[PDB]
Each structure stands twice: as C-alpha cells, then as structure tokens.
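Encoded as structure tokens, the structure appears first; notes follow it.
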Amino acid sequence: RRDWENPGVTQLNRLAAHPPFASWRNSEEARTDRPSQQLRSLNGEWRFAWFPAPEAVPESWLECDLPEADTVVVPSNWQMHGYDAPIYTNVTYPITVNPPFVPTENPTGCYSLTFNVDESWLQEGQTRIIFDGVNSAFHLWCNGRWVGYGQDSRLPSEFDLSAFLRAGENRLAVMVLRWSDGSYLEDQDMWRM
Amino acid sequence: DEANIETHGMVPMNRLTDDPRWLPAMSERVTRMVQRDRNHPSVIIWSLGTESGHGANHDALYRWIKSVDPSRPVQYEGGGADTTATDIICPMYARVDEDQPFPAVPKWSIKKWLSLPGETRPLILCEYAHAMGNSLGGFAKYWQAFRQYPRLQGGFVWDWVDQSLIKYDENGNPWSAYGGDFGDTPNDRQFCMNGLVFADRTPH
Amino acid sequence: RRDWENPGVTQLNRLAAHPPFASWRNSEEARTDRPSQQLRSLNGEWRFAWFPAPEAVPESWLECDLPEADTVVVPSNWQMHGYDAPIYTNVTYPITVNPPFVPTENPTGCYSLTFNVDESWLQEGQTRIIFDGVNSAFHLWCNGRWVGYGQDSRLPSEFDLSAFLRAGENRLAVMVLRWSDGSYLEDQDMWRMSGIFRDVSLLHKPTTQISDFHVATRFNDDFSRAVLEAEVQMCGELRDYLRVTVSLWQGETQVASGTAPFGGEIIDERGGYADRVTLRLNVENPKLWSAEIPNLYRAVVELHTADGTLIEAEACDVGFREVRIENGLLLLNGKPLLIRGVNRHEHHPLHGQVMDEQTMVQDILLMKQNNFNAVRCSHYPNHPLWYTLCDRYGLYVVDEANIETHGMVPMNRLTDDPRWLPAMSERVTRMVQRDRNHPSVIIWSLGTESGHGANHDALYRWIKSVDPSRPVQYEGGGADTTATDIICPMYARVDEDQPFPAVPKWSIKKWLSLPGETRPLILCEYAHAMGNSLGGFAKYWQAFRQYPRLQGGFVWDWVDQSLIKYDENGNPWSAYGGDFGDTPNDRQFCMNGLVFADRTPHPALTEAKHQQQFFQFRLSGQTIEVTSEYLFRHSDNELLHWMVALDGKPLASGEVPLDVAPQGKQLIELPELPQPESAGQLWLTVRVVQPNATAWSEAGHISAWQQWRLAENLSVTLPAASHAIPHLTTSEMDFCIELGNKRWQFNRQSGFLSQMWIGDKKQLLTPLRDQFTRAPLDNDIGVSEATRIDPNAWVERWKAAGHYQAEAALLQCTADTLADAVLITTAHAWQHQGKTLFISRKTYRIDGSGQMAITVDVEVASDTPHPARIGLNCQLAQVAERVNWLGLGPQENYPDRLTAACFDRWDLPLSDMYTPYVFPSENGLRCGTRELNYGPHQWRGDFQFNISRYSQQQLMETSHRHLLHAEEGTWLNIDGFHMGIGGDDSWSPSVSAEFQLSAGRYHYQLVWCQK
Ligand SMILES: O=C1O[C@H](CO)[C@H](O)[C@H](O)[C@H]1O
Ligand SMILES: O=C1O[C@H](CO)[C@H](O)[C@H](O)[C@H]1O
Ligand SMILES: [Mg+2]
Ligand SMILES: [Mg+2]
Ligand SMILES: [Mg+2]
Ligand SMILES: [Mg+2]
Ligand code: NA
Ligand code: NA
Ligand code: NA
Ligand code: NA
Ligand code: NA
Ligand code: NA
C-alpha cells in the first residue's frame, strides 16, 4: 500500500481532533495553567537517517537503531540540518503534476527515539503520542509494531500507544515522506521543506 | 485561522477543489482545524485556505463550518474573492481606485466593489500592499479609503517577515539566501522575500 | 488490511462515477438507443462458493475454480439460493453496533466467472468492468491479480481491466462481504441480503473518450423558448483537431445542433478547463416533459475530429422541464404540482432485491393505472433502468442517497461525525453524477432516518452548488431543518399535532403557517398501508386540494416485502420476518404495501386511485360540473359515462365526451330523468373512461368516478296482510316459534337465538350472539409484542379491559304472543371482573309473513375503551357459492376507508368476500348495506357486514394466511356499527375520533327472512 499516493487515505488509526488537552488531575493546576504531569514533551535529541525513497529504508530500522544514523534535535526540518536542499518555488509545484502520484525519488526521513514511561501509565489509563507537525506524511511504529499513518503537515496527528508500550525502554520509529498526495493541497508560496 | 489548503499550481486552479474525489482530504484539513482551535477567542474568522480557485468542495465545507460554528464568519478569496463561499469580500491586491478587469476573476477598485449591484458584504483584503524590497508605495491611499468607507474594513499586508535563509561563506560568515541559493531548481529567486521586517526581525 | 472495517476506505482503484455510457461507435445507433457492441453483459451463470468469513477463503480460489462451488445465476442475492438466511429487522441493526467493526463471522460470497475477451478489445482502447450492485462490499481479482475494492451497495463500481486481461479465456474472482462499515449507513427497514444483485458488464471506451457530460435546459418566462446547455468532458490526449457535437433529435428529425473544439471559458487566474467544452442549443417552442405528457428528445454527444471522423458517441433522453420553488410552491414548468406519490422499494418475492424490466414495467403500469404520478426511491439509488422507464412512461422521481442510520443512538451519531463525511459524501455525489441527466428525477434526497448532522448540511450545499436545477430534501431531524428545501414529514397527520420533543410532527395544515415558515410541504411518507389500512386517506387529499402549499406526499408503500417459501408438499406461501430463522426480527412489519408481493392489489389501492383522481365533480340540479386537475394536458382521451339506478336497478344512462382544458371546467347537463315506478333511493354514478389504449393503459380504462344520491321516495306502503299467526311453544330451556315450514328457537339459559329451521334443516352451527371485538388489524396491534406490550395500542386496551374475555350474562328473556306475531325480549350484560362493559337489549318480532325483525340497543360503559364493533355474529350451516348485496362495494371497505366504494347491487363468489392479508385479521367488511343475500337467507336494514369460512377467533389466533382452514359453514358478522381502521401510522393509535364508537348508546335494527 502506497498510502502516500492515495487522497482517499489521509490517515490510519489516527485519533479524533480536539481542543488542547493536558489531562490535569488537580483543578488548581488546570485553573492556573501550570504544567501537567500527564503531558510529557518528547522534544530533544532523536536519531535520524535520510533515504532517497521509502523502498530504501532497511527493515532492521523498525526494531534497531541504525548505526550510521545521526543524533539530531527535534522538532526541525532536515533541510536545515543539511540532509537535502530546501526548495523555493511560488506557484509551480515542486514535483511533476500527476495526482495522486509523487516522484519515486521521495526523500524519506527516518526518525527514532528510545524512551521510558513511568509504570503507572502502563497499568491504567490511555497513553497517546501527539505529533503537532510532520511534513508531509508519515508512518509510525512503536517497539517494532506498526501504529498508524497520517497526513496534513500543519495539524496534530495523535495515536493511542496504550497497547504498544512496555515497561522499561520503548522505541518509536517514524518514517517521514517529503512528498505525498497531501502535497497537492500544500502549494503555498514558501520554502518547501 | 486558515485551513492548510492551496492548489495554486493546478490548471485550472480549482481542478482538485471541484472534484468530489478530493472532498475527503479537503474536509479533514478544514474540520480538524475547527475542532482544534474553536475555543480560542483570538480566532474571529475561519478561512478555507487560499488560491485553490472556487470548487464545489469549498461550498460544502463553507456550509459545514457555518453549521458547526455560527460564532465566526467564514471567508475565502478563491474564484473572485466574492463567491458564495465567503461572508467577506476578501480580495488579494485589489487597488483603491483602479480596476483590474481580469476575465472571470476581476479585481475591482475596492470602493467600486462594495457597491456592485446586489452586493452588501463587508470588504477586507486578505492580502494587499505587497511589501517586497523597496515597497509600500501608495500605502496611505488604502488607509484613507479604509477610514472614509464604513464597509471597507481594512486588510492584511503581505507580509510580515522575509523568507530568507542563512548560509555561510568560506570564512564562515553568514549571509541571507533566497530561491536557488541551495541548488534548488526550478526556483523563484527573491520572490520569497516580501516582508516588512528582515528574517532576523530587523525592520525594513 | 481490513478495508471493510474502515469508513475511510470506501473504494480502491475505482473509476469516477458518470452518466450511463455505451460507447457507440456509430452515431445512428446512439440516436436510436439500440444495443452497442462496446457494452457487453456478463450476466448469466457464474460459479459461487459460500464461506462463514473472509479468512476461510482458500487462496487457490484466486487462480482456480473451486470444485465444491455451484453454478448460480447472477445477478442474485445468495440468501435467495438458500446459502444463508435473509434477515428482517426494522430499526435495530442486524449486527452489534460497534462502528466501524462488523462480526468476525461475516458471510462471504465468492463469485467467479470464466469468460472470453476478443483481441480487438485489448489491442486498443480501455476495457472496464461495471458492477451495478454489490451488497455490501467486495474485493475484485482478474486472472489471479488484485484489481480493487468497492462499497455502497446501490451504485455502480467500475474498474479498468485493460492491463489484467488477455485475449481468450479470462477469470474474474469476486469476494463479496455481507457486512462492512458500509452497513452502518444501510439500515433501511427491509430484508438484509447480500451478493451481486445487479447487472455486471464490460464497457470498451477509446483512449481519447467522453468521460462525462451534463445536460441542462433553461427557459424564458412562458417556456416558449429554451436553451439546452451541454457540458462535455474528455480524457486522453488534448489536441486542437478534437471536436464535440451535440445534436438534439425529436424523432428522426434533428431540431438543433452545436459543434465546438475543446477548451472552456476562463474560470480563474490559472485559465480554464482545456479538457472541457460547453455546447448551447436554442430550441423554440420546446415540447415540455411532465408525468402527464412525457415528451422526450434525444441528445447525441459525438466526440470527433475536425473533419467528421467519429471517435465515439454517448447519448441520453432529454426532457425539457423546469423544476423550481417559488413563493412557497414547488413548480414544474411554472405550474404547482400535486404529488400523487408512493414509496417503492426494489423487491421481488422470488428473486429478492434483484430487479428485472418486466417487474419494473408492471409496477409503473399499475402505478399510473391507479393515478400515481410520482415515486420515491426509498431509500437508495435504483437499478439504472428504473429512471429510463420513468423518463419514458412519465413519473416524477425523488432520487435518494443510500444513507440510513436509524439504529444509531442518537440517530445522528454518525451523520454529525466529520469522520463519516467521506463515506456519506460518496453516496450523495456518486448518485448525482450518475442520474443528473434524467428528466424524471426532479428532487434529490440526502437519505432517510439519520437524524440531522453537520454532514447533511455540507452535502446539501454541495448538491445545491453542483445542480441548481433540482430542489434538495431530507426529513431527518424534524422534517424542516436547514438541509431541506421542502417540509417533508413522515406520517404527520392532517389536523392532529403529535408534539414529540425535538422532532414534533405538526398537523400538516399547522406546519405550513408556523411563524417564519414559507416552504412547500410534501410528505415523504404517509398513510402507512400495512394490512387492512389506509383509513383516513380521504382526509389527506381534501387538505392537499384545499391548501396550495400542501402539495401531496408519497404513500408508504408500494409492495409487501414478503418472500416465498414452500411447505413439505412443495406449495408456496408468503413469509415475513423470522420465517427464515432470522432473529431478532420484526415480523410482518416488512409488509406495508398497497399491493401484494406478486403485485395483486390490496383493497386499499382502489381507495388511493379514487382519491388521487385527476377529475373533480360537483352536482347542481341536472348539471354536472367537471373540473380538471391536469396541469398541462387536455382531456383528449376521456368520455364521461353516467348512470342512474333505483336501488341497483338501471333507470337511465348515457355518455358525453370530455373536453376540459388543464385546470379548466366543463358543464354537462343531464337529460330529463323520469321518476321511478316505485319507492327507493335513486343513485347517480359517473365514470371517466379512456376510449383509447395508451402506453400505460388499455382501451376502456376507468380513471375516475363519483356518486350522488338523487331523488328518494320513502316506502309508505305496508306489506300484504298475513292470515297466519306464529305459534309459541314454551319449555324450561327454550322458547320455540313455528310458522309453516319455519321454526325459531331461543335458548332460555343463554338468551340467544340458538337455532332456526327451514323445513326441518338446521340453519345455524353457532348461536346468534352479540360481538364487540374484532380480530386485531395490524393498526390495532401497533408495535405491541407478547414479550414487549405497548399499553397504548387498541388491542392492548381491549385486552386489558377484558373485551375479548367478557362473558355474556343473561338479565332477561321473555316471550309474548301478539295479534299476528311472537315477541321475544332479551337483555344481557358483558362483565369482566365485576365491571359491566356492555349491555345489550333486544326484541325479536316474528310475524305471520315469516320475517324476524330484530331491534338492538346497546349501552357502552363510557370508561371502557371504545369497542371495535357493535353487531351480531353466527356460524351459518349454509355454504353457498355467491354473495349478493345492495350496498357499498364491490371491494372491502370500512367506515374511514369507503370513499372509493359505490352503492349498488353487487354479486361476488364467497371467496372474494375475504381479503387474504398475509397476516390475518378482521377483513372483508362492506358498509352502507341495506340488503344481503346468502343462500336462502336475506338480511335487511342499514348495516356493515363481512362473511367468510373463517371465524374472528381463528383469524386472531393465526399468524399466516396459508395456515387458515375453512371452518364448517359460513361465519357471518353483521355490525350495526364498526370502528375505523386508521393507518396514519401503524405504531400508535391512528383511528380518528369521528370513527371511534364513543356515542355510549347505540341502536340498529335488522330483518331476517327467507327469499
Ligand atoms: O496571492 C498571493 O500573493 C503573494 C505573492 O508574494 C504570496 O504568494 C501569497 O502566498 C499568495 O496568496
Ligand atoms: O419511517 C419509516 O416508516 C416505514 C415503516 O414501515 C419504513 O420503515 C420506512 O422505511 C421508514 O422511513
Ligand atoms: Mg494518502
Ligand atoms: Mg500561491
Ligand atoms: Mg471501508
Ligand atoms: Mg428506518
Ligand atoms: Na472602513
Ligand atoms: Na511571495
Ligand atoms: Na395543495
Ligand atoms: Na416497514
Ligand atoms: Na376526450
Ligand atoms: Na392474526
């Protein structure tokens, strides 16, 4: 399935959209808008590898960090890290106009992260992952198992990781595609990253 | 608040937005936006996106919003700035006194646009006074009209900050780069710099 | 991927929807609409194998026929071949409600077809396959390779097989799933079946082709001039030499034509559509289309080169008509319509939901023959041929999207969820893209019973934007939401409000004038014709005619959804909910039609025909005023026949040609009617007859009728004096009376006439007793179940009050000898647990002439539920071939459903005095009867009666008509009064107050004698 070349598939297993949540367990913290122990940020150093196309991504990556990958800061546009060139085009699409298809040479960004989750999250409640922005489409894996897929580079994509998380170390695998059928709806006059 | 939808490069511009096949993809960019930001008081108007012509998908989504959230007007400039999918006449670069009668999507003088037969909507340019390089000549002409005409309620200058990027030379000294400076081609060169301030926020 | 449990995946590799194509390579064949060599049918014998789930299907099936498979005909529903059971459920979903998931045990139908494909089809062009209907989802394979997937059981799914085919033998494998996420949007109240129930075919199109085309017709103020606008789209390589020619034909005469190269007008800053072209043809004095005169033109769309070389041609029938709502009225060609509509499901007693041309033609003819001019596709796009037939025969059509989520809680849980907007949009948009060129379709419907959600508002606007030529309606959420141009309630009553919270059903007359309301009102459903129903139908039509903005409605519904099953002896019988083991099920609720599944009319059909007549009549003196309700046609195929009779005895008759303009009037002066030579009531009956046969009716067809009482001469002459005097004999247990060869016996213990003798042959099998109950009609029952009682239903109120258990208690029984007669006086009280329900006081006067005059006076406790009837009954020993009566007929008629019946002398075989409702109940009643004759018996008076070989007891104890058995003798029920049957709906008391027996005291008299 080349879900990234089908406008009929804009996501897979993605949760419903909603207003900003923090899941406070103290009304006074909610009122004052202070931090919430139930909302953790995964921003920081991640592992990253660049590929010319998704077909070039090694399957071992799903359950094992790629030795040749680099440690980079997230969030970020990989063009700003020098992996490939940012493209500045106004009206004309950066790829051949042939919907819903995109170029076979599709820059793929493979992000990964090893993290731990406090025990209590594993015994009760629902734990979801929130990607406020991924350009322009991606597939998600947690501990080697496929979780979901999502499009639209400017809105959050959320997925329930409750059934995927384990005690100790967990690993996220995010394969980001530069181009997708979603690109046909994102032809803004700005740098294409 | 504007939906992440722009199909400017299509020919015609509404080839996708008038196609029911793309209604699903388009609807999610609109509906998920409203679901996320509808509680923000700062958001006072919803936008269906930009430069995607005027397609039947815009009308459907326009009505969806009007139904889901009647507290905010909905605007969209595609297809002539005054279609059935916008509550506000929101032209891009329409001039103060001079008409630009392009076929199908003319940009009437804003003073004239307001009184076209049957027209009663407020007019707020979603884009005007292209601030590219040494620009903003004639800016005062817009504000004199905004103040004299009740229904001419302003607009949004294009735009805030230059989209120039930092590159370094041999001596590791930084310089502002634009289209094509990364080997990117085809590219549109300096057309990515239309701000009132430099990328570092230094005022023009 | 479990695509069948993902509302985000409604298809894979499916081609865009479009109007009917045939890819003619000859313009003349396109014009005449003859067959096309480029459109083959793959209908016929296929290979089929049934599996309990998709995971049980062997991979070998993808490239090799399964030996265990059977050869079956396609199209078809596999439940009809017996592979599994069809399920009948109304509102509750046939599967657990857990969107978007379905049962793991999901019946899977594996179809396959080995067929040939000629090399010419593969050497060039595009070969695609078209599945007109697959219920409810399927994956497709061609020569072992996966092609695509499709959902929405009521619209065609097309795929390009150009790259999968080979010259010679090919094999298609189709895995059909019974359940899918699509099922959540298909909760219509009908049998739940599955399979490839619609046509399958192969269509060859050129590389450069016509990919779509829209036809529009706009007019000037008086419709004296029209402009036909045709937008045509193409696929393939764009070239300057390409051209499109749209020609309009009226028979073999080309009336107009237009040619132009591709390239539309500039649309936006990026230009226009280079792959599109709009042709505009001027048409002077166009012949207008309507259900009255279905005038049609032929539009031929030719894709060709600059100098005339044809690439391909498509075409359609064009009906010049304008549909618009103005000032609160729905107008057709500038005239306010009056919809005589009916809801019609696609149902066949043997084939299930497979539709064939014969059946469709038979339905249309019956509909038009019974004065219907409109039909609603309840509740999904129909078989494509349906629209073509409606275009040609002339019926107004409401095309409806296949969307119904009745079983959800609340009803709009999915339709208000943006996550289901994609699935919903495809059912609406693909429908419009398919049927937008059919003139018969005058209104689009967004579906039914799915509440009102934001998705409806979005799609409503989409249609309004894409096709401004037709109004859009939708009843969900209150029938008057922002998603409907027409107030279209279901079962809203005429004068009575039903103020339900949130979604009240206002009296239709009240609904129109609610503050701020200005829209027209047309019920999308009314007069629920379930079983013995349609009582009160005349009230709706009187309102429709008096109020301009009340423009009709669609009766629910056309045909009973019963299915044929065979007994141990191989004889067929009609089955309903649960008869296939299906459970849960909603029993007989699937049978609400005006006609039986085999299309035999129910008695109600005639009441509808009469009320939907297109000619109205008024009588003044000897002048009959005929008014035409036709909006466009003159009465050029009608003659008025009149007849005057004295109590059934023809006095005079004649004929007069009708020449009335649409909405015009005609005065007909009847000649001098000579006074009768005897006493009695003179009756005038008029009938509109169509001399000539038509495309929908045969010569001599009766389209309308009406009756009037003329002069009446009350009899004042007393009977010839008798010399004989009946002799009264008394015993401890009986009061016997004898006169000549006749004898009467009254049981002194029961107080009823226990026997009568002609000569010395017994006349009764059961004593003549009072009866205050009736075998419950479906309307009496409502949704009351034995395990789920609804206390409000009439049957429940009667049961709770003990009307069915009441025992007659003798209060009096005397006998007096008069000058020339014997007088028996009786009095009974029916009590239930100390409560006196009824009191019956009678007198039987037997004179020397042998006549027994029975006088009855009944008292009804004001606080007991109003009784179903007030009469007498007995089982006669006689079993005669015919029934002759002077009263309303010839068909079954009840107090609130007798406008269609006429007063006259009727004679029918006993069998016709019984209406075979699949679910047995009180039936066959005839009202306003002054004389009844059966065998040597004659009853005179002013009563209601029904007569058959079935007792009320058997009828109420029997669930299916094929289980009834003729009892000994003939059961006779003679009522002085009978309650209405109702029908405004069949799930709440619907009998209007004026037809309820609430007078408290009743009186009636009957004379029983021998002829
Ligand atoms: O119409 C427009 O004009 C600007 C030109 O700089 C810029 O491209 C905006 O994104 C676009 O909406
Ligand atoms: O409201 C309705 O009433 C009918 C009852 O027989 C039938 O279920 C229709 O499909 C439904 O729309
Ligand atoms: Mg996609
Ligand atoms: Mg642009
Ligand atoms: Mg699905
Ligand atoms: Mg229903
Ligand atoms: Na102003
Ligand atoms: Na720019
Ligand atoms: Na009316
Ligand atoms: Na029903
Ligand atoms: Na005539
Ligand atoms: Na019964």
Side-chain angles (χ1 to χ4, degrees), chain A residues 8-9 12 88-92 186-191, chain B residues 2 5-9 13 24 47 49-52 76-78 81 90-94 105 107 125-133 135 156-160 162-163 179 188-195, chain C residues 1-12 14 99-102 136-139 149-152 177 179-185 268-270 419-420 422-423 426 531-532 576 587-588 774-778 780-781 795 916-923 950-961 963-964:
Chain A
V9 175
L12 290 166
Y88 173 54
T89 181
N90 179 181
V91 182
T92 306
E186 317 184 335
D187 190 43
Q188 289 86 344
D189 173 19
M190 54 182 217
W191 286 99
Chain B
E2 194 161 82
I5 307 175
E6 163 152 18
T7 71
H8 203 167
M13 212 183 301
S47 177
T50 201
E51 316 185 278
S52 299
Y76 177 63
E77 183 280 339
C90 52
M92 299 194 304
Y93 314 98
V105 290
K107 297 192 185 304
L125 298 119
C126 66
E127 289 180 40
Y128 82 112
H130 200 256
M132 183 180 191
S135 198
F156 302 81
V157 171
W158 184 280
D159 64 350
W160 187 239
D162 288 335
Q163 294 188 230
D188 284 299
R189 28 159 176 158
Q190 71 261 51
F191 203 58
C192 57
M193 304 185 292
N194 325 128
Chain C
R1 294 290 185 83
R2 294 177 80 68
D3 299 304
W4 59 88
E5 291 188 307
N6 182 352
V9 178
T10 54
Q11 64 70 49
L12 292 177
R14 179 161 69 185
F101 306 107
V102 300
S136 72
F138 68 106
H139 269 291
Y149 175 75
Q151 290 187 193
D152 182 352
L177 299 180
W179 310 119
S180 65
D181 49 80
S183 302
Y184 283 103
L185 303 182
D268 45 56
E269 297 84 335
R270 294 287 284 173
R419 178 212 183 191
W420 287 80
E426 296 210 318
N532 192 353
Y576 54 75
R587 302 305 184 63
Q588 68 263 54
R774 70 183 178 189
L777 311 182
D778 278 308
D780 294 334
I781 300 168
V795 67
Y917 289 119
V918 179
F919 173 70
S921 71
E922 152 62 43
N923 71 84
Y950 312 118
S951 65
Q952 291 292 297
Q953 198 188 320
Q954 180 179 180
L955 294 172
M956 68 177 91
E957 304 185 318
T958 308
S959 66
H960 297 62
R961 69 178 191 179
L963 293 174
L964 295 169

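Residue numbers start from 1 in every chain, and the chains themselves are labelled A, B, ... in the order their sequence lines are given, proteins ahead of strands. Counting starts at 1 for both ligands and their atoms, in listed order.
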Item to check | Spacing of C:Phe138 atom CZ and C:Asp3 atom CG [to the nearest 0.5 Å] | outcome: 12.5 Å
Checklist entry - Which protein atoms of type N, O or S are found under 2.8 Å from the Mg ion (ligand 5)? => result C:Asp3 O, C:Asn6 O, C:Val9 O, C:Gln151 OE1, C:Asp181 OD2
Checklist entry - Should you measure from each heavy atom of B:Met92, which atoms of ligand 1 turn up under 4.0 Å away? => result 1 (O), 12 (O)
Next on the checklist: Tell me the contacting part of B:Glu127 for ligand 1: side chain, backbone, both, or neither, using a 4.0 Å heavy-atom threshold, strictly below.
Outcome noted: side chain
Item to check | Residue C:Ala775, metal the Na ion (ligand 12), N/O/S under 3.0 Å | outcome: no
Checklist entry - Nearest to atom 11 (C) of ligand 1, what protein heavy atom do you find, and at what distance? => result B:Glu51 OE1, 3.0 Å
Checklist entry - Does B:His130 come within less than 4.0 angstrom of ligand 1, counting non-hydrogen atoms of the residue? => result yes
Next on the checklist: Donor-acceptor check, side chain of B:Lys107 to backbone of B:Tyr93, threshold 3.5 angstrom: yes or no?
Outcome noted: no
Checklist outcome for this item: For atom 8 (O) of ligand 1, the closest protein heavy atom turns out to be A:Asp189 OD2, 2.7 Å
Item to check | Opening angle at the Na ion (ligand 12) [O, C:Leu955; O, C:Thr958; to 10 degrees] | outcome: 80°
Item to check | Minimum heavy-atom distance between B:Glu127 and B:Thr50, given as atom pair plus value | outcome: OE2-OG1, 4.2 Å
Checklist entry - What protein heavy atom sits nearest atom 10 (O) of ligand 1, and how far away is it? => result B:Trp158 CH2, 3.1 Å
Checklist outcome for this item: In short, C:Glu5 meets C:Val102 closest at the heavy-atom pair OE2-N, 2.8 Å
Checklist entry - Does C:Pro776 put an N, O or S atom under 3.0 Å from the Na ion (ligand 12)? => result no
Next on the checklist: For a quick check under 3.5 Å, do A:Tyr88 and A:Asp189 share a side-chain donor-acceptor pair by atom type?
Outcome noted: yes
Next on the checklist: Between C:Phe919 and C:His960, does the ring pair (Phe, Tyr, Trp, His ring centres under 6.0 Å) criterion hold? Intermediate values first, please.
Outcome noted: CA-CA 5 Å; C:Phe919 173 70; C:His960 297 62; 8.3 Å; no
Next on the checklist: Quick one about B:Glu6 and B:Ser52 (side-chain donor to acceptor, distance below 3.5 Å, no hydrogens or angles considered), yes or no?
Outcome noted: no
Item to check | Residue B:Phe191 vicinity, atoms of ligand 1 by number, heavy atom under 4.0 Å | outcome: 5 (C), 6 (O)
Checklist entry - B:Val157 versus B:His130: any side-chain heavy-atom pair under 4.5 Å? => result no
Checklist outcome for this item: Tested for side-chain contact (heavy atoms from CB on, under 4.5 Å) against C:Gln151, the lone hit among C:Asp181, C:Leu185, C:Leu177, C:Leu12 is C:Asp181
Item to check | Nearest non-hydrogen partners of C:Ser136 and C:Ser180, listed with the distance | outcome: OG-OG, 3.1 Å
Checklist outcome for this item: shortest atom 4 (C) of ligand 1-to-protein heavy-atom contact is with B:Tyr93 OH, 3.3 Å
Next on the checklist: Using a 4.0 Å cut-off to any heavy atom of B:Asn194, which atoms of ligand 1 qualify?
Outcome noted: 6 (O)
Checklist entry - Taking C-beta and beyond as the side chain, do B:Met13 and B:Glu51 meet within less than 4.5 Å on heavy atoms? => result yes
Checklist entry - Does a side chain donor of either C:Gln952 or C:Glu922 reach within less than 3.5 Å of an acceptor in the other side chain? => result yes
